[PDB]
Amino acid sequence: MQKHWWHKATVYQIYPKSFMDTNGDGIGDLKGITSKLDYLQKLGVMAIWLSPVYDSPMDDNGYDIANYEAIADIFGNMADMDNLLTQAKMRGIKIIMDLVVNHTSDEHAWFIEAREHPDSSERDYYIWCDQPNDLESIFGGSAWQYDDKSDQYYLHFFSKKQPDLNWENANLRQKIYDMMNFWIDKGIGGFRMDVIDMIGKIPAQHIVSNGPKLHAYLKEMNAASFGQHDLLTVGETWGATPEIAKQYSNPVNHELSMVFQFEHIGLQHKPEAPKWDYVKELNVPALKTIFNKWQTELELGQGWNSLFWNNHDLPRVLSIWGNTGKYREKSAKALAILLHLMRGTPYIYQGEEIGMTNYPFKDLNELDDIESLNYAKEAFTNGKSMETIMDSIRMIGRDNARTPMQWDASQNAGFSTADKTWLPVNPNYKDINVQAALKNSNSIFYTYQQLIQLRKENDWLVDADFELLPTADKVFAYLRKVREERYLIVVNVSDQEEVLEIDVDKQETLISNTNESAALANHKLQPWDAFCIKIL
Ligand SMILES: [Ca+2]
Ligand SMILES: [Ca+2]
Ligand SMILES: [Ca+2]
């Protein structure tokens with residue numbers, strides 16, 4: 001197991017439009033991010049996964065790129081970007097850019113030429129057809145959009161303004177590599193690869209993710225760009241299984257460092273049902289099976305896990321799986337303890353470290369996300385009341401993760417000085433904000449800070465194995481072992497008292513949000529009790 005700088009790293013995901021606004025337009029920008037690097041350094045993260053800040057029409061808020069080498073005017077300019085890289089590096093922080101190459105904006109120059117001149121080479125940069133099959137767009141409707149100018153349908157698994165790139169075109173792939181090397185030379189620390197498991201798509205055969213040439217393309221990409229460097233590459237792979245992740249992350253395959261797997265996220269909705277048909281409560285026994293599987297199947301040297309609870313497309317963890325009332329702070333720490341002490345690279349989504357929650361959206365106008373808006377329009381004429389629709393969106397809507405970062409108790413939680421913010425600031429900012437989190441020595445922030453420091457200083461977080469222990473349904477306990485070291489992690493993922501039928505010899509407490517001694521002696525766990533102790 002060759003160790004790289006990122007094996008001890010914790011990554012922080014920033015959603016640019018909602019992090020920090022510095023010019024009063026109600027939207028976050030690059031200078032905003034740069035001004036908060038001391039805060040992130042204090043937190044201890046070693047890298048930032050920066051969501052798209054490239055030139056874009058914003059149909060999918062940055063994931064529909066019109067120019068891979070230009071900063072969207074709304075975030076600032078290339079000078080601001082360069083300074084961010086510089087200032088971040090000065091503080092031990094690397095920047096991981098969001099690589100979105102499965103598709104581009106329909107306003108990208110390649111597509112404009114493809115449509116304007118169907119004989120051009122860029123025409124083959126996309127996927128066209130005369131007779132469309134029944135493939136569907138992930139944002140609703142057909143994945144094929146009819147273009148009346150050229151008289152053919154172009155593929156788009158996402159919005160109509162996000163035409164898919166043709167990865168069978170070796171020349172297109174090379175263009176992508178040239179663009180990737182453009183960013184590599186600027187000093188980035190890696191790439192977060194957007195739906196990367198779709199580049200092996202074969203539309204005509206209804207093959208989307210995990211296509212036959214997927215890994216060959218990744219090997220080619222690696223060899224043509226990031227491979228020669230020591231960067232962190234993580235792919236967003238919704239169709240990833242432990243076996244597939246081994247192929248992606250085992251160093252011997254020369255592909256990626258790790259990938260985001262969404263099997264645990266699948267528990268947020270009924271099996272074989274739309275994400276909108278959400279599950280009210282976390283099936284802890286189900287989560288235990290999934291986490292244990294990924295921990296066991298990806299043994300050191302054979303692969304590497306990424307660890308996350310939420311992102312810019314998911315409900316904040318406290319709202320979907322934690323507690324947002326009497327045990328908000330405690331459940332937040334519990335969930336933090338539970339995830340970060342497993343083997344892998346953990347990712348913290350902005351606001352997660354202070355325990356932010358979903359937002360109580362009142363109506364559709366207040367929303368912004370095309371996915372939710374498309375869902376609402378369809379659902380309303382298919383048996384769903386507006387109230388039922390708004391209820392699903394308040395729980396699952398991607399906009400819940402996109403409300404402004406809550407810095408303090410001043411106007412707009414200190415996010416901006418503008419009359420209004422692009423997305424509304426959650427009123428709970430009066431109680432939930434960075435300033436208040438930093439002031440309280442035992443706040444959620446310090447739990448994450450401590451977890452981050454434990455990983456940077458102790459090899460066992462990486463070297464130790466993982467063993468799930470038999471416990472009550474809602475109790476998530478496991479031990480990490482290596483050499484003469486044995487670590488016991490116990491987390492009561494429950495709003496109520498649970499049993500703990502174990503006997504151990506505690507020799508050291510690494511971290512705890514409660515009186516771990518009392519729990520061990522009384523053989524019972526208080527709601528959301530969580531701790532890691534070194535045992536004999
Ligand atoms: Ca701004
Ligand atoms: Ca026509
Ligand atoms: Ca003002």
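Indexing begins at 1, ligand by ligand and atom by atom, following the structure's order. Both backbone and side-chain heavy atoms feed into the values below; hydrogens, waters and symmetry mates do not. Count residues from 1 along the sequence.
Other residues, nucleotides and ligands place more than 12 heavy atoms under 6.0 Å from the CD atom of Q174.
Remark: at the Ca ion (ligand 1), atom OD2 from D29 and atom O from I27 enclose 90°, rounded to the nearest 10 degrees. Put simply, the angle at the Ca ion (ligand 1) from OD1 in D25 to OD1 in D21 is close to 80°, to the nearest 10°.
For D148, the N/O/S atom at the shortest distance from the Ca ion (ligand 2) is named O. The atom name of the N/O/S atom in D151 closest to the Ca ion (ligand 2) is OD1.
Only one option out of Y146, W144, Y154 pairs with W128 in a ring-ring contact (aromatic ring centres under 6.0 Å, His included); it is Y154.
Ring planes of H312 and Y15: parallel class, angle under 30° (limits at 30 and 60°).
Salt bridge annotation for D106-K161: present, with a cationic side-chain nitrogen under 4.0 angstrom from a carboxylate oxygen. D147 and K160 are not joined by a salt bridge, as no carboxylate oxygen comes within less than 4.0 angstrom of a charged side-chain nitrogen.
Distances from the Ca ion (ligand 3) show that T417 has an N/O/S atom below 3.0 Å. Among the atoms of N23, an N, O or S atom is found under 3.0 Å from the Ca ion (ligand 1).
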